[PDB]
2 protein chains.
Amino acid sequence: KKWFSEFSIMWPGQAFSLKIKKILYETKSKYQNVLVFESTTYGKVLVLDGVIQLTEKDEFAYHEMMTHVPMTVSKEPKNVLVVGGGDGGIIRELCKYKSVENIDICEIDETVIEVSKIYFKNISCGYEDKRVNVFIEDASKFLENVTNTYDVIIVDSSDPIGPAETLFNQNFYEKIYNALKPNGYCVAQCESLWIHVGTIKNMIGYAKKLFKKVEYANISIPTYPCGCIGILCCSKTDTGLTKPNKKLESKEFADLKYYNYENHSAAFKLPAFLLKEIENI
Amino acid sequence: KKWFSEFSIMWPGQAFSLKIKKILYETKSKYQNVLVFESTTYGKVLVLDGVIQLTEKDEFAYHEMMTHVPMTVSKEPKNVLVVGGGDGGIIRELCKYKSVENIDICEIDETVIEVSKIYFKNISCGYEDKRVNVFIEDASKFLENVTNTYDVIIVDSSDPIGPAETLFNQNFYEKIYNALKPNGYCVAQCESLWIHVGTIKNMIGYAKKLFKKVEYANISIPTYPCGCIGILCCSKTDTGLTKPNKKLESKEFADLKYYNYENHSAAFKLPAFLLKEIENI
Ligand SMILES: NC/C=C(\CCCCCN)SC[C@H]1O[C@@H](n2cnc3c(N)ncnc32)[C@H](O)[C@@H]1O
Ligand SMILES: NC/C=C(\CCCCCN)SC[C@H]1O[C@@H](n2cnc3c(N)ncnc32)[C@H](O)[C@@H]1O
C-alpha cells in the first residue's frame, strides 16, 4: 500500500501522511486538483491541491464547532450563508436547526459539490434539504452582489494559497460586515495557532477594523496541519461568541460527536503565547 | 535534505514527518534507540525507538500543562516525584516553585539524561538545582521500594510499547496511590483521544479502583500523534484537579508560554464522543 503525504509552503519542514487503501477519484477542475481516496484508518479523504480538506474519521470536529458556535449564540437565525463548504459538512449541521428558513451556499468549484454527493453521501446529505440554495461563484464576487443580509455567515474556506486567496483580506471582511444583519455573526476558518500566527494577527486586524468584538477559538482535529485549526469569530455586539444562548437538546442534535455546551466556551481559552501575540492588535 | 518519519503500530495508517537540517547523535542504549537531530522548523528533536519524545518548538505545551495542573492544585507541595522525564522538561517547570524542598526523578535510561544535558541545555537546566535527586531505575521497581511519600507524582512516561510497558497497569497505580500523601495527586501521560480511547478507558478504570476522583485533560501539541496528548488526573479527594488554587504570578513564571489560570480548567472540557465512551467505567 502507498501513502498520501501532505506538503505545503504554508507549513514548511513538516508533513502528515495517511496510508492509502485505494484511490477512488482524481481530476483537475477549473480551479484545483481533486483527489479522493479511501485511507486505511481515517475512512474516505478529500484532497484539494495536495491539501487534506476532510476525512470521515474527524470532520465532525471542525463542522460541529464551526456551525454550532455561532448558531447557539444567534437568537433566532433565519437566513444563513456558507462561504466555500462545497463538501456539505456545514450544511449538514445547519439543517439540524428547524428555525432556519434559508441556507445559501456559495462554493467556487461545482466539482467539489458533485464529488461530495458521489463519494461522501453522509457529509453531503444536506443538499437534499429544500431550504438549501446553491451558488457556484467566487464568494468575493457573490458578497459584492448579494441583496439579502444574513443572521450568520460561516466562512468554510481552504487556505490563503489557492482559490481562497480572495477571502483573506480587508475588503472581504467589509463585504461580510455589510452582508450581515445589525446583530449578525461571522465565523471563519483561521488556521493553526502553532504555525500561522502572522496570518491570525492579520485576520484579527482586518476584523477589528469593522467588528466590535473579535475572538479566536481552537478546534482539535488530527488531519489539519499541527492537529488543530482556529475559528475567527466576529460580532457586531459586544457580548461576542464565547457563551451559547441555547442548549442543543432536540432529537436532531442527539448525534453530536464533538460540540457541547461546555466545550463551546472552552475553545476560546487560548495558550499563553497566542494571547501575548494578539494583545496589541 | 532528508526527512524523519514517525511510524508506530500504536498509530497505524498515519505518520508525521519533520525535515532534517542535520543529525546530531545516534546510539542504542541499554533500553532503546536514541536519535537527536536539528529539524528545519521545529528546532532540536529527541527520538526514542522511532517515536518523537520532544521538540524545542512545542515541548513547553506538554511540560507546562503536566506540571502546573497538579502544582497549582496541591496546596503546599514539598516533595515531588517525576517518573520518566529524563529530558528534564518537568524538572525545569518544578524548579520554578520556591516552596518545593525535594524533587526525585526516576528515569530508567541514564543515556536520555546525559543526551539532554549535552544537546538540550534549555530543557535540562533543572538538573543543576540542588533539590533534584536522580534515580536510574525502572519506576515500577522504584515505587515498590520508596520509603517516602510524595505530595505530587508526575508520570512523564513514553508509550505502553517499550520500557514504559510496566507503567500502564493496575499494579502500577496501586504503587502510585501508596507512594502519595493522603491528599496527594498524580498526573500521568495518557495518550491521544483521537486514536487511543481503548487505552484511555483502561487507564481510567485502573485509577478509579483506588482514586476517588479521576479526570482527563487534553493538551494541544503538534508533534505528538494526532496533535494532542492527554493527562490522566488522579485525586484522593473529591475536589479533583480541574480548578487551580493559586495564580502563578512570581517572576519565575513570567516566562510561561502555554499554561494559564483559565486554560487549566479548559483542558478538562472534552469532546462529546470521549465523554460518552468513558461514562460507564
Ligand atoms: N469543510 C472542509 C472544507 C474546507 C476547510 C479546509 C481547511 C484546510 C486547512 N489546511 S474548504 C471548503 C471549500 O472552500 C472552497 N473555496 C475556496 N475558495 C473559494 C472562494 N473564493 N469562493 C468560494 N468558495 C471557495 C473550496 O473550493 C472548498 O470546496
Ligand atoms: N518529556 C517528554 C518525554 C516523554 C513523553 C513522551 C510521550 C510520547 C507520545 N507518543 S517520555 C520521558 C521518559 O520516560 C522514560 N521511561 C520509560 N519507561 C520508563 C520506566 N519504566 N521507568 C522510568 N522511566 C521510564 C523514557 O526513557 C523517557 O526518557
# chains A, B, ... in the order shown; residues from 1 in each chain; ligands from 1
>>> residues_around(residues="stretch 271-279 of chain A", least_positions_apart="3", cutoff="9 Å", atoms="only C-alpha atoms", output="count of residues only")
14
>>> interface_residues(of="chain B", to="chain A", cutoff="6 Å", atoms="only C-alpha atoms", output="list in words")
residues 13, 14, 15, 16, 17, 18, 19, 40, 41, 222, 226, 227, 257, 258, 263, 266, 269, 271, 272 and 273 of chain B
>>> residues_near_ligand(ligand="ligand 1", cutoff="9 Å", atoms="only C-alpha atoms and all ligand atoms", output="CSV table (one decimal) with C-alpha atoms, in the first residue's frame")
chain,number,residue,atom,x,y,z
A,10,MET,CA,2.1,27.1,4.3
A,31,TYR,CA,-9.9,25.7,-10.0
A,32,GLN,CA,-7.9,22.9,-8.4
A,46,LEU,CA,-10.9,14.6,0.1
A,48,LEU,CA,-7.6,19.7,-2.9
A,51,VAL,CA,-4.1,19.7,0.9
A,52,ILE,CA,-6.4,17.5,3.1
A,53,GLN,CA,-9.9,19.0,3.1
A,54,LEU,CA,-11.6,16.4,5.3
A,55,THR,CA,-11.6,12.8,6.4
A,59,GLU,CA,-14.6,16.0,10.0
A,62,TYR,CA,-14.5,21.1,12.5
A,63,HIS,CA,-18.0,21.0,11.1
A,82,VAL,CA,-22.0,29.3,3.9
A,83,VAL,CA,-18.9,30.6,2.0
A,84,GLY,CA,-17.0,27.7,0.5
A,85,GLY,CA,-18.2,24.4,2.1
A,86,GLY,CA,-18.9,22.5,-1.1
A,87,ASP,CA,-18.4,19.2,0.7
A,88,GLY,CA,-21.7,19.9,2.6
A,89,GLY,CA,-20.4,19.4,6.2
A,90,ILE,CA,-21.5,22.8,7.4
A,105,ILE,CA,-24.1,28.3,-0.1
A,106,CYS,CA,-21.5,30.0,-2.3
A,107,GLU,CA,-18.9,27.4,-3.5
A,108,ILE,CA,-16.4,28.4,-6.3
A,109,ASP,CA,-15.9,24.8,-7.6
A,110,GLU,CA,-19.0,22.8,-8.6
A,111,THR,CA,-16.8,19.7,-8.9
A,112,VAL,CA,-16.3,19.7,-5.2
A,113,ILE,CA,-20.1,19.5,-4.6
A,136,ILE,CA,-21.3,28.5,-8.0
A,137,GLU,CA,-19.2,31.6,-7.8
A,138,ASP,CA,-16.2,33.2,-6.1
A,139,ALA,CA,-17.6,34.3,-2.7
A,140,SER,CA,-15.7,37.5,-3.1
A,141,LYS,CA,-18.0,38.4,-6.0
A,142,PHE,CA,-21.2,36.8,-4.5
A,155,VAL,CA,-16.6,31.1,6.0
A,156,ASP,CA,-15.6,27.5,5.4
A,157,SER,CA,-12.7,28.2,3.1
A,158,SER,CA,-9.5,26.5,2.3
A,159,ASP,CA,-6.1,28.1,2.7
A,160,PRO,CA,-4.9,31.6,1.5
A,162,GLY,CA,-5.3,28.9,-4.0
A,163,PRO,CA,-8.9,30.0,-4.8
A,164,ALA,CA,-9.4,31.1,-1.2
A,165,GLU,CA,-6.8,33.9,-1.7
A,166,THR,CA,-9.7,36.4,-2.2
A,167,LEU,CA,-11.2,35.6,1.2
A,189,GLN,CA,-11.6,29.2,9.1
A,190,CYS,CA,-8.5,30.8,10.6
A,191,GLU,CA,-5.6,28.4,10.5
A,192,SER,CA,-3.3,26.9,13.1
A,223,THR,CA,-5.8,15.8,9.9
A,224,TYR,CA,-5.3,19.5,9.7
A,225,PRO,CA,-1.7,20.7,10.0
A,229,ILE,CA,-7.4,24.8,13.3
>>> residues_around(residues="residue A:177", least_positions_apart="6", cutoff="9 Å", atoms="only C-alpha atoms", output="MDAnalysis selection string")
chainID A and resid 184:186 207 210:211 234 236
>>> write_last_selection(atoms="N, CA and C atoms", output="compact mmCIF listing (two decimals), in the first residue's frame")
# COMPACT_ATOMS: atom_id res chain seq x y z
N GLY A 184 -25.83 40.38 13.39
CA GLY A 184 -25.32 39.18 12.74
C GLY A 184 -23.94 38.77 13.23
N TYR A 185 -23.58 37.52 12.97
CA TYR A 185 -22.28 36.97 13.38
C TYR A 185 -21.58 36.32 12.20
N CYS A 186 -20.25 36.40 12.18
CA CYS A 186 -19.48 35.65 11.20
C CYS A 186 -18.41 34.81 11.89
N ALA A 207 -10.64 42.12 10.89
CA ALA A 207 -11.95 42.01 11.53
C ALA A 207 -12.22 43.14 12.52
N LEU A 210 -13.79 46.62 11.72
CA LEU A 210 -15.24 46.69 11.46
C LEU A 210 -16.10 46.14 12.59
N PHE A 211 -15.65 45.05 13.20
CA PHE A 211 -16.43 44.36 14.24
C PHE A 211 -16.05 44.85 15.63
N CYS A 234 -16.54 36.85 14.76
CA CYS A 234 -16.79 38.27 14.54
C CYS A 234 -18.21 38.65 14.94
N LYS A 236 -21.02 41.98 16.02
CA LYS A 236 -21.35 43.40 15.99
C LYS A 236 -21.79 43.91 17.38
>>> select_by_dssp(residues="stretch 25-161 of chain B", states="strand (DSSP E or B)", output="count of residues only")
45
>>> residues_around(residues="residue B:188", least_positions_apart="4", cutoff="6 Å", atoms="only C-alpha atoms", output="PDB file with N, CA, C and O atoms, in the first residue's frame")
ATOM      1  N   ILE B 154       4.327  12.933  39.079  1.00  0.00           N
ATOM      2  CA  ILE B 154       4.107  13.233  37.656  1.00  0.00           C
ATOM      3  C   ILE B 154       4.688  12.085  36.831  1.00  0.00           C
ATOM      4  O   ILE B 154       5.896  11.853  36.854  1.00  0.00           O
ATOM      5  N   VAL B 155       3.817  11.338  36.152  1.00  0.00           N
ATOM      6  CA  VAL B 155       4.249  10.192  35.352  1.00  0.00           C
ATOM      7  C   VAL B 155       4.469  10.649  33.902  1.00  0.00           C
ATOM      8  O   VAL B 155       3.531  10.684  33.081  1.00  0.00           O
ATOM      9  N   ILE B 231      -3.772  14.001  29.809  1.00  0.00           N
ATOM     10  CA  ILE B 231      -3.270  13.880  31.173  1.00  0.00           C
ATOM     11  C   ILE B 231      -4.318  13.119  31.966  1.00  0.00           C
ATOM     12  O   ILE B 231      -5.461  13.583  32.102  1.00  0.00           O
ATOM     13  N   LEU B 232      -3.953  11.948  32.463  1.00  0.00           N
ATOM     14  CA  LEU B 232      -4.798  11.270  33.440  1.00  0.00           C
ATOM     15  C   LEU B 232      -4.551  11.854  34.841  1.00  0.00           C
ATOM     16  O   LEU B 232      -3.418  11.885  35.324  1.00  0.00           O
TER      17      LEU B 232
END
>>> atom_distance(atom1="atom CA of residue A:27", atom2="atom CA of residue A:45")
14.6 Å
>>> closest_residue(among="B:102, B:202, B:116, B:245", to="ligand 2", atoms="only C-alpha atoms and all ligand atoms")
B:116
>>> select_by_dssp(residues="stretch 54-249 of chain A", states="alpha helix (DSSP H)", output="PyMOL selection string")
chain A and resi 59-73+89-94+110-119+139-145+170-179+197-208
>>> write_last_selection(atoms="C-alpha atoms", output="PDB file, in the first residue's frame")
ATOM      1  CA  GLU A  59     -14.595  16.001  10.024  1.00  0.00           C
ATOM      2  CA  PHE A  60     -17.327  16.273  12.684  1.00  0.00           C
ATOM      3  CA  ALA A  61     -14.899  18.222  14.966  1.00  0.00           C
ATOM      4  CA  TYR A  62     -14.483  21.066  12.500  1.00  0.00           C
ATOM      5  CA  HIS A  63     -18.034  21.011  11.107  1.00  0.00           C
ATOM      6  CA  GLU A  64     -19.711  20.909  14.540  1.00  0.00           C
ATOM      7  CA  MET A  65     -17.564  23.684  16.100  1.00  0.00           C
ATOM      8  CA  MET A  66     -17.755  25.975  13.062  1.00  0.00           C
ATOM      9  CA  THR A  67     -21.560  25.683  12.895  1.00  0.00           C
ATOM     10  CA  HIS A  68     -22.745  25.332  16.482  1.00  0.00           C
ATOM     11  CA  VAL A  69     -20.613  28.097  17.980  1.00  0.00           C
ATOM     12  CA  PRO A  70     -22.401  30.892  16.011  1.00  0.00           C
ATOM     13  CA  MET A  71     -25.755  29.032  15.756  1.00  0.00           C
ATOM     14  CA  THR A  72     -26.163  28.640  19.529  1.00  0.00           C
ATOM     15  CA  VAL A  73     -25.353  32.323  20.055  1.00  0.00           C
ATOM     16  CA  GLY A  89     -20.416  19.370   6.221  1.00  0.00           C
ATOM     17  CA  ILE A  90     -21.537  22.825   7.442  1.00  0.00           C
ATOM     18  CA  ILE A  91     -24.903  22.494   5.626  1.00  0.00           C
ATOM     19  CA  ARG A  92     -25.470  19.092   7.296  1.00  0.00           C
ATOM     20  CA  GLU A  93     -25.030  20.719  10.730  1.00  0.00           C
ATOM     21  CA  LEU A  94     -27.180  23.785   9.800  1.00  0.00           C
ATOM     22  CA  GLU A 110     -19.007  22.816  -8.587  1.00  0.00           C
ATOM     23  CA  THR A 111     -16.759  19.727  -8.945  1.00  0.00           C
ATOM     24  CA  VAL A 112     -16.334  19.663  -5.153  1.00  0.00           C
ATOM     25  CA  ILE A 113     -20.099  19.543  -4.635  1.00  0.00           C
ATOM     26  CA  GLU A 114     -20.633  16.770  -7.163  1.00  0.00           C
ATOM     27  CA  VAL A 115     -17.675  14.745  -5.857  1.00  0.00           C
ATOM     28  CA  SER A 116     -19.080  15.049  -2.308  1.00  0.00           C
ATOM     29  CA  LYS A 117     -22.540  13.902  -3.452  1.00  0.00           C
ATOM     30  CA  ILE A 118     -20.984  10.810  -5.071  1.00  0.00           C
ATOM     31  CA  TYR A 119     -18.198   9.820  -2.642  1.00  0.00           C
ATOM     32  CA  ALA A 139     -17.617  34.296  -2.735  1.00  0.00           C
ATOM     33  CA  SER A 140     -15.663  37.531  -3.106  1.00  0.00           C
ATOM     34  CA  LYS A 141     -17.999  38.368  -6.030  1.00  0.00           C
ATOM     35  CA  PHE A 142     -21.166  36.830  -4.513  1.00  0.00           C
ATOM     36  CA  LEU A 143     -20.763  39.005  -1.390  1.00  0.00           C
ATOM     37  CA  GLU A 144     -20.319  42.114  -3.522  1.00  0.00           C
ATOM     38  CA  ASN A 145     -23.682  41.484  -5.256  1.00  0.00           C
ATOM     39  CA  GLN A 170      -9.610  43.591   4.469  1.00  0.00           C
ATOM     40  CA  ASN A 171     -12.033  44.127   1.572  1.00  0.00           C
ATOM     41  CA  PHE A 172     -13.567  40.676   2.120  1.00  0.00           C
ATOM     42  CA  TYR A 173     -14.341  41.491   5.780  1.00  0.00           C
ATOM     43  CA  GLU A 174     -16.029  44.754   4.703  1.00  0.00           C
ATOM     44  CA  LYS A 175     -18.233  42.665   2.400  1.00  0.00           C
ATOM     45  CA  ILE A 176     -19.012  40.244   5.246  1.00  0.00           C
ATOM     46  CA  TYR A 177     -19.868  43.081   7.651  1.00  0.00           C
ATOM     47  CA  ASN A 178     -22.259  44.621   5.095  1.00  0.00           C
ATOM     48  CA  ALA A 179     -23.895  41.272   4.291  1.00  0.00           C
ATOM     49  CA  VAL A 197       0.339  33.430  13.995  1.00  0.00           C
ATOM     50  CA  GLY A 198       1.220  36.007  11.289  1.00  0.00           C
ATOM     51  CA  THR A 199      -1.940  35.154   9.351  1.00  0.00           C
ATOM     52  CA  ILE A 200      -4.013  35.069  12.569  1.00  0.00           C
ATOM     53  CA  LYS A 201      -2.779  38.558  13.554  1.00  0.00           C
ATOM     54  CA  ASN A 202      -3.519  39.878  10.069  1.00  0.00           C
ATOM     55  CA  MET A 203      -7.041  38.418  10.045  1.00  0.00           C
ATOM     56  CA  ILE A 204      -7.843  39.686  13.552  1.00  0.00           C
ATOM     57  CA  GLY A 205      -6.626  43.140  12.464  1.00  0.00           C
ATOM     58  CA  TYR A 206      -8.962  43.077   9.436  1.00  0.00           C
ATOM     59  CA  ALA A 207     -11.946  42.005  11.530  1.00  0.00           C
ATOM     60  CA  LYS A 208     -11.302  44.574  14.307  1.00  0.00           C
TER      61      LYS A 208
END
>>> atom_distance(atom1="atom CA of residue A:243", atom2="atom CA of residue A:281")
23.0 Å
>>> atom_distance(atom1="atom CA of residue B:168", atom2="atom CA of residue B:104")
20.5 Å
>>> closest_residue(among="B:152, B:103, B:132, B:161", to="ligand 2", atoms="only C-alpha atoms and all ligand atoms")
B:161
>>> residues_around(residues="residue A:79", least_positions_apart="6", cutoff="10 Å", atoms="only C-alpha atoms", output="PyMOL selection string")
chain A and resi 99-104+131+148-153+180-181
